[PDB]
Every structure is written in C-alpha cells, then in structure tokens.
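Enquirer: A single structure is presented below for examination.
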Ligand SMILES: O=c1ccn([C@@H]2O[C@H](COP(=O)(O)OP(=O)(O)C[C@H]3O[C@H](CO)[C@H](O)[C@H](O)[C@H]3O)[C@@H](O)[C@H]2O)c(=O)[nH]1
Ligand SMILES: O=c1ccn([C@@H]2O[C@H](COP(=O)(O)OP(=O)(O)C[C@H]3O[C@H](CO)[C@H](O)[C@H](O)[C@H]3O)[C@@H](O)[C@H]2O)c(=O)[nH]1
Ligand SMILES: [Mn+2]
Ligand SMILES: [Mn+2]
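Protein chains in written order, with the entry's author numbering: chain A, 61 to 177, 186 to 193, 195 to 197, 199 to 347; chain A', 61 to 177, 186 to 193, 195 to 197, 199 to 347. A prime marks a further copy of an entry chain.
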C-alpha cells in the first residue's frame with residue numbers, strides 16, 4: 061500500500077484555464093473521471109502503477125464457436141493491453157484444446173480454465199484464486215480485438231464502459247430492463263449512463279461484489295420466471311446505478327466501426343468488435 | 061468498508077456530449093478531479109458519504125494573536141462546513157481560555173488542544199487520536215471564514231488546493247523553493263500546480279504520511295541551515311509533486327477577495343481570507 065515517491069519527470073504543465081477536452085464530459089457528477097484520449101498523461105500513470113507492481117487479470121469466455129475469436133483477441137492484447145505491466149489472462153472455455161498457442165511478452169501468463177458446455189457472473193464471483203493472484207480484474211467479451219492502447223488509465227476500484235450505441239442518448243431511450251417484476255428494473259426517470267456488459271472491471275474485491283450481486287439478482291429473476299431484456303448487461307446497469315463506478319471508460323474502449331463508423335469525438339478506437347453472427 | 065446501495069434518486073441526466081465546465085480544467089493528467097462548482101451533484105455525494113457514516117476532522121491552529129480569528133472561523137464553519145455530516149474540530153492553541161464558546165449543530169464536537177507558545189506539520193503527525203476518531207482530516211488556516219458550501223465533494227485519500235494567486239501562472243513563475251540545498255527544491259521544468267499550505271487534507275493515513283514527510287524534510291533543512299522560501303507550503307508542494315493528490319480543489323476553496331476580486335471563473339467564493347497583519 062505505502063506509495064514511494066515518483067521520480068523527477070519532465071512533461072507539459074497542466075494549465076488550469078485550458079481544458080483537455082471541451083467537446084465531451086470528462087468527469088461524472090459523482091467526481092469519477094470519464095476516460096478519453098487527451099485527459100491522461102500515461103507516463104505519470106505508468107509510473108504510479110509500476111511503483112505498486114500492479115498485476116492485472118483479464119477474464120474472457122470462449123465457449124462453443126467463440127473459441128475462434130481467441131487468437132486475434134490474445135495476439136492483439138499482447139500488442140496493446142497493459143504492456144509493461146504484469147498480466148494474467150484467464151480463458152474460460154469448454155474446449156481447452158482449441159485455445160491457440162499465443163506467444164506472450166515477459167511478465168505475462170495465461171491460464172486455461174475449463175467450464176461446462186448467468187455463467188460469466190457466476191464463474192467470476195462462486196468459482197474464481200483472483201484474490202491471491204491479481205490486484206485488478208478486467209472482464210471483457212472475446213468477439214473483439216485491440217487496435218490501440220488500453221492501459222492503467224482504466225484501473226480504479228470499480229469501472230464501467232459507455233455503450234457505443236447509446237452515449238449520446240437520453241435516459242428514457244436506454245434499453246434498461248423496464249419491468250418492475252425484474253431485479254434489474256430501472257424507471258424511465260433514473261439512470262446516469264448505459265454501460266455495456268462487454269467491458270467492466272475494478273479491484274478484485276469490487277469486481278467480486280459486482281458479479282456476486284448480479285448473479286444473485288439473476289437467480290431471483292430466474293426463480294420468478296423472468297429474464298432481463300439484455301441479460302447480464304441489464305443487471306450490470308442496475309448495479310452501477312446503485313453503486314457508482316469510480317471511473318467510466320469512454321466508447322474509445324468499446325466500439326464497433328462497422329456499425330458506427332469513426333466519429334470525430336473518438337480520437338482513438340482502442341478495443342473493437344470483430345464480425346460474428 | 062462494504063457500501064450499501066444508493067436509494068432511488070431523481071436528478072438531471074449527465075450528458076456525455078455536454079461538459080459541465082468548458083472554461084476550466086476539471087481533471088488532472090493523473091485522472092484526479094479538480095473540484096469546481098458545476099462538476100458535482102452534491103445530493104449524490106452526500107448520500108454516498110452518509111451511507112458510510114463519515115466523520116471529518118478539521119484542524120486549525122490559533123496561536124498568539126490569531127485566537128481572535130476563531131469566533132468567525134468556527135461560527136461560519138457551522139453554517140457551511142460538512143453540514144449534515146459528523147464533524148470534530150481540533151483547535152490547537154496556546155490560550156485555551158481564549159477559545160470562544162461557539163454553539164455547534166448536532167453531531168459536531170470541538171476539542172481544545174493546548175500547545176506551547186514546523187509546528188503544524190509536527191503536531192498533526195508525532196502528537197495527534200485521529201485514527202481512532204475521524205475518517206478524514208482537513209487542515210486549514212484560521213485567518214479565514216466560510217461563505218459558501220464546503221462539503222464532502224472535497225473528500226478523497228489526498229487533496230491539495232490551488233493557490234488563488236497562481237492558478238493561471240506558468241510553472242517557472244511558481245514560488246517553489248529553488249535552492250538545490252533544500253529538501254523542498256523543485257527545478258524550473260517540474261511542477262503541476264502551486265498548492266497553498268492553508269487547505270489540504272485526505273484520509274487520516276494519507277494526511278499523517280504527508281505531515282510526517284514534510285516534518286522530516288523540514289528537520290533536515292534545519293540541520294543543514296536552510297529554511298524554505300515559503301516554509302511548510304514549500305514542503306507541501308514538494309510532497310504533492312512526488313505524491314499526486316487524488317483530488318485538487320479549485321480556488322473557490324481558498325480565496326482572497328480583497329486582493330484578487332471575484333473573477334468570472336469562480337461561481338462561488340467558499341472559504342476566504344479575513345484581514346490580518
Ligand atoms: O456462444 C457463445 C456466446 C457468447 N459467448 C461469450 O459471451 C460474450 C457475449 O456474447 P456476444 O459477444 O455474442 O454478445 P454481444 O451482443 O456482444 C454482448 C451483449 O449481448 C449478450 C447476449 O447476446 C448479453 O446480453 C450481454 O450482456 C450484452 O453485453 C462473448 O463475447 C463470449 O465471451 C461465448 O463464449 N460463446
Ligand atoms: O502568530 C501566528 C501565526 C500563524 N498562525 C497559524 O498559522 C497559519 C498560517 O499563517 P498565516 O495565516 O499568517 O499565513 P498566510 O500567508 O495566510 C499562509 C502562508 O504563509 C505562512 C508564513 O507566514 C507559511 O509560509 C504557510 O505555509 C503559507 O501558506 C494561521 O492561519 C494560523 O493558523 C498562528 O496561529 N499564529
Ligand atoms: Mn460481444
Ligand atoms: Mn492564512
């Protein structure tokens with residue numbers, strides 16, 4: 061925990077009367093940063109997190125046909141995800157033999173965890199070691215590739231990611247679960263953001279809290295014969311409404327260029343959808 | 061530590077493509093919020109901190125003639141400082157009998173701590199109970215009055231406050247200690263901000279770390295026959311350069327209207343200088 065001093069660093073002075081970005085909201089109303097290109101000096105952040113010998117776990121599920129996405133996912137993670145930091149990939153699959161042999165950089169390891177042919189929330193919270203092995207957990211979809219830097223700027227006790235389809239939408243248009251019979255229910259007059267289920271994370275403790283809560287809520291819904299409109303994403307949205315994230319990632323971090331192009335407000339496309347279905 | 065769910069709340073939706081403030085920097089390059097009016101929803105923050113039964117300690121020194129400032133300081137603190145939260149004032153003085161009898165709101169207490177006729189840094193770190203009694207410490211000058219809200223928006227593990235004289239200045243003009251013989255030395259090409267010694271704080275653990283480090287550095291300087299240009303403020307600046315604060319308060323939180331007026335960029339003057347000397 062004790063944090064040693066940063067070394068001398070030479071970098072541009074932040075200027076108080078000059079915003080980093082004037083086109084987007086860069087802090088939430090509960091004083092959580094919203095992470096966009098131009099808001100962070102990665103050299104400062106890399107120093108801070110390296111001085112703590114930070115280890116990041118990345119969970120990814122590749123079940124049935126989705127094992128086909130692992131090669132590009134992992135090879136591009138090696139180019140772009142937390143480079144220079146300690147990384148432990150946890151690949152959950154029903155086909156351990158189908159996991160591609162991917163060459164890893166130093167300080168990085170991969171574990172194949174076999175699961176049977186609620187699953188993600190249940191598996192992350195009560196199956197999965200994480201408390202002993204990593205400091206932060208990052209939980210992502212596999213049908214994706216990294217194209218640009220995804221680094222320690224995302225790390226914080228709890229984060230969600232703005233869904234690329236809805237970041238400009240008003241809350242009444244968000245596809246929250248709207249049936250009061252569901253544990254994921256959010257009224258039309260509530261909601262901060264629509265977070266996508268495909269990229270969330272935080273400290274191990276906070277991710278375990280989130281995934282446990284979502285799993286429990288999904289079990290209640292199952293017992294009551296209701297399934298939320300967007301499954302675990304609906305529950306994730308309910309949890310993050312009631313437990314505010316300490317950072318929010320911009321849609322740079324979860325994008326679909328085929329569907330949504332490359333808007334001016336995105337200076338980088340960092341982690342992007344690969345064609346499926 | 062475990063955080064219960066927030067209740068349902070009705071408030072304006074934050075809009076991603078609408079900044080709260082376009083005239084000022086609202087996040088540092090290490091992703092610490094810079095606290096300005098318009099950046100926070102105090103209802104959300106009050107809920108979050110009340111659900112933790114947060115207790116805030118406020119330290120203030122009133123030695124020799126400065127005991128005269130206590131009445132206005134404390135009476136205005138009662139109107140504006142952390143109202144609704146648990147507050148423990150710690151008044152350090154050489155004249156306990158000169159401390160005014162100030163009426164306090166419920167959930168608020170005051171302790172008079174006698175000291176002899186480095187003192188603040190040494191006293192806060195190794196004399197002073200804080201770990202047992204409060205969650206956060208806020209350390210301020212006494213030659214001041216509260217005019218507007220100062221609340222839980224400031225609370226974070228470690229914060230400093232932008233000096234009202236220098237928030238628009240370039241770093242070469244900052245009055246950092248510039249002699250390499252001083253522990254407080256900062257070269258002309260380093261520095262983020264010029265923080266004022268008159269308002270800093272954080273968790274008890276981080277404030278004890280800061281004050282211990284500054285006290286130790288000041289003792290080294292004394293042993294070497296050098297006194298930093300701005301005394302404890304010079305050391306505070308060195309510490310916060312090397313240990314980045316997790317929030318930075320805007321000059322709303324430390325202002326002198328006689329000297330600097332009321333610029334457009336300040337929507338509120340919250341904690342202001344009273345004439346002295
Ligand atoms: O056969 C499979 C199916 C899924 N998966 C795993 O589940 C992840 C989500 O599914 P998908 O990407 O299709 O949904 P998207 O539309 O990108 C993601 C969204 O829709 C989901 C249902 O299809 C949920 O509602 C989720 O909460 C929401 O974010 C996928 O990346 C794999 O890691 C797998 O391993 N094998
Ligand atoms: O006789 C005294 C003298 C001081 N104090 C106490 O010290 C605080 C700082 O002093 P002051 O406000 O004069 O300095 P300012 O210019 O506002 C504050 C600045 O200058 C200081 C030296 O005068 C230091 O350099 C400090 O670090 C810097 O911020 C004052 O508010 C009292 O709580 C006291 O109790 N009795
Ligand atoms: Mn997907
Ligand atoms: Mn003062």
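We put the beta carbon where it would ideally sit given N, CA and C, even for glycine.
From the beta carbon of residue 63 of chain A, is the nearest beta carbon of chain A' less than 8 Å away?
Expert: As a working note, residue 63 of chain A is residue 3 in the first chain. Yes, because at least one Cβ of chain A' sits closer than 8 Å to the Cβ of residue 63 of chain A.
Enquirer: Put residue 209 of chain A' into one of helix, strand or coil per three-state DSSP.
Expert: The residue you call residue 209 of chain A' lines up with position 139 of the second chain. Correct three-state label for residue 209 of chain A': strand.
Enquirer: Could you round the C-beta distance between residue 85 of chain A and residue 78 of chain A' to whole angstroms and report it? I think they count as a contact, below 8 Å.
Expert: Within the first chain, the letter at position 25 stands for residue 85 of chain A. Within the second chain, the letter at position 18 stands for residue 78 of chain A'. Contact flag correct, Cβ pair sits at about 6 Å.
Enquirer: May I ask you to list, following chain order, the residues of the segment 75 to 101 of chain A that have a beta carbon less than 9 Å from some beta carbon of chain A'?
Expert: Listed in chain order, the positions of the segment 75 to 101 of chain A with a beta carbon within less than 9 Å of a beta carbon of chain A' are 75, 76, 77, 78, 79, 80, 81, 82, 83, 84, 85, 86, 87, 88, 89, 90, 91, 92, 93, 94, 95, 99, 100 and 101.
Enquirer: To the nearest angstrom, how far is it from the Cα of residue 288 of chain A to the Cα of residue 207 of chain A?
Expert: Residue mapping note: residue 288 of chain A aligns to position 218 of the first chain, counting from 1. Residue mapping note: residue 207 of chain A aligns to position 137 of the first chain, counting from 1. Rounded to whole angstroms, residue 288 of chain A to residue 207 of chain A spans 21 Å at the Cα level.
Enquirer: Is residue 144 of chain A close to chain A'? Criterion is C-beta to C-beta, closer than 8 Å.
Expert: For this step, residue 144 of chain A is matched to residue 84 along the first chain. No, because no Cβ of chain A' sits closer than 8 Å to the Cβ of residue 144 of chain A.
Enquirer: How would you call residue 231 of chain A', buried or exposed, if buried means at least 16 neighbouring beta carbons within 10 angstroms?
Expert: Position 161 of the second chain, counted from the start, is the residue given in the question as residue 231 of chain A'. Around the beta carbon of residue 231 of chain A', 16 or more other beta carbons sit within 10 angstroms, so the residue counts as buried.
Enquirer: Where the beta carbon is closer than 6 Å to any heavy atom of ligand 4, which residues qualify, in chain order?
Expert: A':211, A':213 and A':268
Enquirer: Leaving out five residues on either side along the sequence, give the residues of the same chain with a beta carbon under 6 Å from the beta carbon of residue 201 of chain A'.
Expert: As a first step, residue 201 of chain A' must be located in the second chain, where it is residue number 131. 274.
Enquirer: Using Cβ-Cβ distances below 8 Å, what residues of the segment 114 to 134 of chain A are close to chain A'?
Expert: Hits within the stretch: zero.
Enquirer: Buried or exposed for residue 304 of chain A, going by 16 or more other Cβ atoms inside 10 Å?
Expert: Locating residue 304 of chain A in the first chain gives position 234, counting from the first residue. Under this definition residue 304 of chain A is a buried residue.
Enquirer: Buried or exposed for residue 163 of chain A, please, with buried defined as at least 16 other CB atoms from any protein chain shown within 10 angstroms of its CB.
Expert: Taking the first chain and counting its residues from 1, one reaches residue 163 of chain A at position 103. Classification of residue 163 of chain A: exposed, given that the 10 Å Cβ count is below 16.
Enquirer: For the candidate residues A':218, A':222 and A':175, whose alpha-carbon lies nearest to that of residue 122 of chain A'?
Expert: Here residue 122 of chain A' corresponds to residue number 62 of the second chain, with the count starting at 1. That would be A':175, whose Cα lies nearest to the Cα of residue 122 of chain A'.
Enquirer: In three-state DSSP terms, what is residue 193 of chain A?
Expert: For the purposes of this step, residue 193 of chain A is taken as residue 125 along the first chain, with counting starting at 1. Coil, per DSSP.
Enquirer: Can you find the residues in the same chain that come closer than 7 Å, C-beta to C-beta, to residue 285 of chain A, ignoring five residues on each side of it along the sequence?
Expert: As a working mapping, residue 285 of chain A is identified with position 215 in the first chain. So the list reads 186, 189, 190 and 193, once near-sequence residues are dropped.
Enquirer: Are residue 255 of chain A and residue 242 of chain A closer than 8 Å when you measure CB to CB?
Expert: Locating residue 255 of chain A in the first chain gives position 185, where the first residue counts as 1. Locating residue 242 of chain A in the first chain gives position 172, where the first residue counts as 1. No, the pair does not count as a contact, with Cβ atoms beyond the cut-off.
Enquirer: Quick one: give me the first and last residue of the alpha helix (DSSP H) that residue 330 of chain A' is part of.
Expert: Stepping through the second chain from its first residue, residue 330 of chain A' is reached at position 260. That run of the alpha helix (DSSP H) goes 327 to 330.
Enquirer: Below 6 Å CB to CB, which residues in the same chain sit around residue 278 of chain A' once its five sequence neighbours on both sides are set aside?
Expert: Here residue 278 of chain A' is taken as the residue at index 208 of the second chain, counted from 1. Contacts found: 193.
Enquirer: Whole angstroms is fine: what's the gap from residue 238 of chain A''s alpha carbon to residue 173 of chain A''s?
Expert: What you label residue 238 of chain A' is simply residue 168 of the second chain in a count that begins at 1. What you label residue 173 of chain A' is simply residue 113 of the second chain in a count that begins at 1. Computed Cα separation, rounded: 38 Å.
Enquirer: Give the residues from the segment 288 to 304 of chain A' that approach chain A closer than 9 Å (Cβ to any Cβ), ordered along the chain.
Expert: none
Enquirer: Is the Cβ of residue 285 of chain A' closer than 8 Å to any Cβ of chain A?
Expert: Within the second chain, numbered from 1, the residue matching residue 285 of chain A' stands at position 215. With a threshold of 8 Å between beta carbons, residue 285 of chain A' makes no contact with chain A.
Enquirer: Between A:205, A:91, A:133 and A:90, which has its C-alpha nearest residue 354 of chain A's C-alpha?
Expert: Only positions 61 to 347 of chain A appear in the structure, and residue 354 of chain A is not among them; the question remains open.
Enquirer: Does any C-beta atom of chain A' lie closer than 8 Å to the C-beta of residue 255 of chain A?
Expert: Residue mapping note: residue 255 of chain A aligns to position 185 of the first chain, counting from 1. Answer no: the Cβ-Cβ gap between residue 255 of chain A and chain A' never drops below 8 Å.
Enquirer: Can you tell me whether DSSP reads residue 237 of chain A' as helix, strand or coil?
Expert: Locating residue 237 of chain A' in the second chain gives position 167, where the first residue counts as 1. Coil, per DSSP.
Enquirer: At a cut-off of 7 Å, is residue 302 of chain A' close to ligand 2 when judged by its beta-carbon and the heavy atoms of the ligand?
Expert: Stepping through the second chain from its first residue, residue 302 of chain A' is reached at position 232. Indeed, a heavy atom of ligand 2 lies less than 7 Å from the Cβ.
Enquirer: Put residue 321 of chain A' into one of helix, strand or coil per three-state DSSP.
Expert: Within the second chain, residue 321 of chain A' is the residue found at index 251, counting from 1. Here residue 321 of chain A' sits in helix by DSSP.
Enquirer: Output yes if chain A places a C-beta closer than 8 Å to the C-beta of residue 104 of chain A'; else output no.
Expert: Residue numbering aside, residue 104 of chain A' sits at position 44 when the second chain is read from its first letter. Interface residue, yes.
Enquirer: Is it buried or exposed, residue 315 of chain A, if we count other Cβ atoms within 10 angstroms and call 16 or more buried?
Expert: Numbered from its first residue, the first chain carries residue 315 of chain A at position 245. Answer is buried; the Cβ neighbour count reaches 16.
Enquirer: Is residue 213 of chain A' near residue 267 of chain A', with beta carbons less than 8 Å apart?
Expert: Within the second chain, numbered from 1, the residue matching residue 213 of chain A' stands at position 143. Within the second chain, numbered from 1, the residue matching residue 267 of chain A' stands at position 197. Their beta carbons are not under 8 Å apart, which means residue 213 of chain A' does not touch residue 267 of chain A' by this criterion.
Enquirer: From the DSSP output, in three-state form, read off residue 168 of chain A for me.
Expert: Along the first chain, read from residue 1 onward, the residue named residue 168 of chain A stands at position 108. In the structure shown, residue 168 of chain A sits in a strand (DSSP, three-state: E or B).
Enquirer: Give a single yes or no on whether residue 191 of chain A' has its beta carbon closer than 7 Å to a heavy atom of ligand 2.
Expert: To locate residue 191 of chain A', count along the second chain from 1; it is residue 123. No, the Cβ of residue 191 of chain A' stays beyond 7 Å of every heavy atom of ligand 2.
Enquirer: Got a sec: does ligand 1 put a non-hydrogen atom nearer than 7 Å to the Cβ of residue 159 of chain A?
Expert: For the purposes of this step, residue 159 of chain A is taken as residue 99 along the first chain, with counting starting at 1. Not so, every heavy atom of ligand 1 lies at least 7 Å from the Cβ.
Enquirer: Suppose you measure from the CA of residue 264 of chain A' to the CA of residue 76 of chain A; what does that come to, to the nearest Å?
Expert: Locating residue 264 of chain A' in the second chain gives position 194, where the first residue counts as 1. Locating residue 76 of chain A in the first chain gives position 16, where the first residue counts as 1. Residue 264 of chain A' and residue 76 of chain A: Cα-Cα distance of roughly 11 Å.
Enquirer: Determine the chain A' residues that contact residue 208 of chain A at a beta-carbon separation under 9 Å, and present them in chain order.
Expert: On the first chain, residue 208 of chain A is found 138 positions in, with the first residue counted as 1. Per Cβ cutoff of 9 Å: no residues; residue 208 of chain A is ~16 Å from chain A' at best.
Enquirer: Might you give, ordered along the chain, the residues of its own chain that have their beta carbon closer than 7 Å to the beta carbon of residue 96 of chain A', omitting 5 neighbours on each side?
Expert: For the purposes of this step, residue 96 of chain A' is identified with residue 36 of the second chain, where counting begins at 1. Excluding sequence neighbours, residue 96 of chain A' sits near 81, 84, 86, 320 and 322.
Enquirer: From the DSSP output, read off the bridge partner residues of residue 269 of chain A.
Expert: As a working note, residue 269 of chain A is residue 199 in the first chain. DSSP output for residue 269 of chain A lists A:210 as bridge partner(s).
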